[PDB]
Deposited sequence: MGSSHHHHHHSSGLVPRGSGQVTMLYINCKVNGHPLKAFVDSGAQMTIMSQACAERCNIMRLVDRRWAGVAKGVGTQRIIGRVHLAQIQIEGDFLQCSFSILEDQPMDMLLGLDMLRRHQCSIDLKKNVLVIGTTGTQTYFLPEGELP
C-alpha cells in the first residue's frame, strides 16, 4: 500500500508533502522551513508542544504552490518532524480538495487543479 504524497513548492523550493486526512493540522518541519527560507513567516506567538515535540511557531496564509497554482495555507512548524510537510484536514477542507484514488490525483476544489500522487519509487 503506497502512501499518498504530492509534489509542491514553497517560496520556489520543491518538497514532497504527505496527504493525511486523519491529521487535524498541517505541519512543516523546522528543517523544511529553513530550507524554504521562510523563517521570517514563523510567528512564535503560536509556539507550544504537540501530541506525542516543540512547535516553534505558526505560518499564517503562506502560499503552497501545487502545479502552477498558489494556494494560501496556514501551518505550524514542528522541530524534528522527520518529513518535510504533512498536509492535514485543515488544508484539505480549506481548499475543498478531493483525494481521488481512482484517478490517483489530489484535486484542489477551489481551482480545479489536479496533481498526481507520487509513484512508490519517488516517496521520501
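task = Walk along the deposited sequence from position 1 and note every stretch that has no C-alpha coordinates.
result = According to the deposited record, C-alpha coordinates are absent for 1 to 21, 74 to 76, which together make up the missing parts.
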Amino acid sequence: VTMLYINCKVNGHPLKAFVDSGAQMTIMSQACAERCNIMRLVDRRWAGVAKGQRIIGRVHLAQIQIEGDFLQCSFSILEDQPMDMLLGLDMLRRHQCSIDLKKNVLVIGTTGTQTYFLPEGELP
From here on, numbers count along this sequence of modelled residues.
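ask   = Do the C-alpha atoms of 109 to 117 or of 16 to 24 have the higher average B factor in the entry?
value = Mean C-alpha B-factor is greater for 109 to 117.
ask   = If you average the CA temperature factors over each stretch, which comes out higher, 28 to 36 or 54 to 62?
value = The deposited B-factors put 54 to 62 ahead on the C-alpha mean.
query = Taking the entry's C-alpha B-factors for this chain, is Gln72 in the lowest, middle or highest third?
reply = Its C-alpha B-factor belongs to the middle third of this chain's values.
query = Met3's Cα B-factor: lowest, middle or highest third of the chain?
reply = Middle third of the chain for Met3's C-alpha B-factor.
task = Could you tell me which third, lowest, middle or highest, the C-alpha B-factor of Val49 occupies within its chain?
result = For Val49, the deposited C-alpha B-factor lands in the highest third.
task = Tell me, lowest, middle or highest third: where does the Cα B factor of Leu87 rank within its chain?
result = Its C-alpha B-factor, which the entry lists for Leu87, ranks in the lowest third among residues of this chain.
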